[PDB]
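Trainee: model this:
(2 chains, ligands or ions: 2)
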Amino acid sequence: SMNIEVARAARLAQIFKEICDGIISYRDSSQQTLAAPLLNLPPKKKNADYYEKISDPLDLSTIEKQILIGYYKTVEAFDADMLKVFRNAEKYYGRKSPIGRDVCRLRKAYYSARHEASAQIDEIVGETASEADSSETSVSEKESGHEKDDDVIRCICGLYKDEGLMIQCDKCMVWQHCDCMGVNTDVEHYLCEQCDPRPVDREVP
Amino acid sequence: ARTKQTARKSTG
Ligand SMILES: [Zn+2]
Ligand SMILES: [Zn+2]
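Mentor: Numbering: from 1, shown residues only, chains lettered A, B, ... in the order given. Ligands and ions are numbered 1, 2, ... in the order given. Here you go, the structure:
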């Protein structure tokens, strides 16, 4: 049977291949592959701590292979994987920019090629995948609303008041009380019941 | 992730 969905998936697949190819083997004038620290997972044996917090470090050379197998299908998941390796790079390697300037350069050429490939995506996917040319590295829409400060309360309580103990959504940078959400104030990368609702299967019949 | 423990945290 004919499916536009499988045509779109395979279309973008070989096309992602183009873009990710430029990034994987992106070289400076001295012929250095800047994406090297991201394209290869590190020796697992001497990194329990690393993989404890970063339980999903990811690997570009593997993402590449996963592109051709048509696992991502659309750009949604594709763009996720790329922005993931860059962000965890900047996260644990150092303060905030360790290899940052190196992989952010890749990221810049990534968005450039993203912008480039937006042509075909337009003809294939359309506008349901939007443009995704809003810069940044964290979120794409960023705002996606009206307000979203660091000091803003957002709990199911509805009080909008900074009382008791509460943690911060890594993406919203909003405050949610620990007792309500079922937290232990131990979360390093907590996400809210919106961005990524974490399901806790506590002995549910 | 930052953790608030009552908005006021005056220590002295
Ligand atoms: Zn609450
Ligand atoms: Zn959130």
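
Trainee: contacts, neighbours, all on C-alpha from now
Mentor: OK.

Trainee: just checking, what packs against the helix ranked longest in chain A?
Mentor: The longest helix of chain A (DSSP state H) is helix A:100-124. Packed against helix A:100-124 by the contact rule (3 or more CA pairs under 8 Å, 6 or more residues apart in numbering or on different chains; DSSP states H and E) you find helix A:4-24, helix A:75-92.

Trainee: helix or strand: which one has residue A:148?
Mentor: Under the criterion DSSP states H and E, no helix or strand holds residue A:148.

Trainee: any idea how far it lies from residue A:158?
Mentor: Counting by CA to CA, to the nearest Å, the gap from residue A:148 to residue A:158 is 15 Å.

Trainee: now swap in residue B:12 and tell me
Mentor: Using CA to CA, residue B:12 is found at 31 Å from residue A:158.

Trainee: between these two, who's got more neighbours?
Mentor: Each of residue B:12 and residue A:158 has its neighbours counted (other CA atoms under 10 Å in any protein chain shown); residue A:158 has more, 8 against 3.

Trainee: ok, that one - contacts?
Mentor: Taking CA atoms under 8 Å, 6 or more residues apart in numbering or on different chains, we find residue A:158 in contact with no residue.

Trainee: ok, it to residue A:187 distance?
Mentor: Here the criterion is CA to CA. By it, residue A:158 lies 22 Å from residue A:187.

Trainee: show me the domain layout of chain A.
Mentor: Here the domain parsing of chain A from automatic domain parsing is A:4-124, A:145-205.

Trainee: now do the end-to-end distance for the last one.
Mentor: Think domain A:145-205. With CA to CA as the measure, domain A:145-205 spans 38 Å from end to end.

Trainee: same check, this time on the longest one
Mentor: Across domain A:4-124, the straight-line distance between its terminal residues is 9 Å, by CA to CA.

Trainee: ok now that domain, how far from the chain's centre?
Mentor: Centroid separation for domain A:4-124 versus its chain: 10 Å, with CA atoms, centre = their mean, to the nearest Å.

Trainee: now do stretch A:170-179
Mentor: How far stretch A:170-179 lies from its chain's middle: 19 Å, per CA atoms, centre = their mean.

Trainee: buried set for that stretch?
Mentor: Buried residues in stretch A:170-179, counted by 16 or more other CA atoms under 10 Å in any protein chain shown: A:170-178.

Trainee: repeat for stretch A:7-26
Mentor: Buried residues in stretch A:7-26 (16+ other CA under 10 Å): A:8-13, A:15-17, A:19-20, A:23-24, A:26.

Trainee: among the residues you listed, which pair sits farthest apart?
Mentor: Using CA to CA, the two most remote members of these are A:8 and A:26, lying 26.3 Å apart.

Trainee: pull the number of nearby residues for the residue in chain B that ligand 2 sits nearest to.
Mentor: At 12.0 Å from ligand 2, residue B:1 is the closest residue in chain B, using CA to the ion. A count of neighbours around residue B:1, defined by other CA under 10 Å, yields 17.

Trainee: so who does it touch?
Mentor: Counting by CA under 8 Å, 6+ apart, the residues that residue B:1 touches are A:167-170, A:187-190.

Trainee: keep only those of these that are in strands.
Mentor: Within the contacts of residue B:1, residues falling in strands by DSSP state E are A:167-168.

Trainee: on that earlier part again, tell me the angle the longest helix of chain A makes with helix A:4-24.
Mentor: Put simply, helix A:100-124 runs at 150 degrees to helix A:4-24, going by axes from the mean of the first three to the mean of the last three CA atoms, to 10 degrees.

Trainee: lovely, talk soon.
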